[PDB]
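Novice: Build me a model from this:
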Amino acid sequence: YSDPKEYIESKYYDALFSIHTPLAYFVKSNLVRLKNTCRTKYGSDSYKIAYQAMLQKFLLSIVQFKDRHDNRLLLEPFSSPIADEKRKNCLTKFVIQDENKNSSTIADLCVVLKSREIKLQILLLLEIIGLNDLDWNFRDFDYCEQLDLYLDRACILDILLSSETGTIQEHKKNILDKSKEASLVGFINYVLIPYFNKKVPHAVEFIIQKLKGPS
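Specialist: Residues are numbered from 1 along each chain as shown. The coordinates are given below.
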């Protein structure tokens, strides 16, 4: 994808719908390449602004997120064919071609995608926070407010699943396995800390407190 807008649309939706793929690749590879391209195209003076605008496109207000997920919008055709292809590939893999497709395939797919997109939104936010030098805010605690709300949704989702009892069923169970990137603990240890702790360390610390205790 030559056009940067198409590149990031492609990578955001590949990251979301392509559920077996680590988010570490979205961060260390996709976001970095996009940022480079903006650096080159817009110049070192002013690229942060354009980079931010490109990311912000995929940022979901808490109201928009609730609609996307309560009404299972992710099952529906996207008018953009780049996003839509990734949706279809996900459905082909987990709802059409899987022999065990059953009565709880859809609900599990929707919760795996919801858990996954919460993480993606936290990532977008952390990236924007770093760009705008907003980390100091997390010393003693609106993008910062938005991060906070998504962290609430992350751990509530986690608790909801934990309070409850096909290959999508394994992905769902991975959300609560600490050894996996799909879990909050894994998302902290394999993504947040390695790729965000050097910039944004106060935000990372805040995330750890919010999601796990003070320890």
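Novice: List phi and psi for residue 20.
Specialist: Main-chain torsions, residue 20, degrees, to the nearest 10: phi -80, psi -10.
Novice: list the contacts for the residue lying closest to it once chain neighbours are set aside?
Specialist: Residue nearest to residue 20 in three dimensions, not counting chain neighbours: residue 171, with 7.4 Å by Cβ to Cβ, 6 or more residues apart in numbering. Yep, even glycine has a C-beta here, placed from its N, CA and C like the rest. For residue 171, the contact set (Cβ atoms under 8 Å, 6 or more residues apart in numbering) comprises 19-20, 108, 112, 182.
Novice: Closest one of the residues you listed to residue 68?
Specialist: The shortest approach to residue 68 among those belongs to residue 112, at 14.3 Å (Cβ to Cβ).
Novice: Surely residue 108 is in contact with residue 170?
Specialist: No. With contacts counted by Cβ atoms under 8 Å, residue 108 stays clear of residue 170, the gap being 9.6 Å.
Novice: Specify which residue of these two has the higher count of neighbours.
Specialist: residue 108 (18 against 13; other Cβ atoms under 10 Å).
Novice: and the gap between the more buried one and residue 65?
Specialist: Going from residue 108 to residue 65 by Cβ to Cβ, to the nearest Å gives 19 Å.
Novice: do the same with residue 169
Specialist: Distance of residue 169 to residue 65, given as Cβ to Cβ: 24 Å.
Novice: how many other residues sit next to the closest residue to residue 204 other than its chain neighbours?
Specialist: Leaving out its chain neighbours, the residue that sits closest to residue 204 by Cβ to Cβ, 6+ apart is residue 197, at 5.0 Å. For residue 197, the neighbour count with other Cβ under 10 Å is 15.
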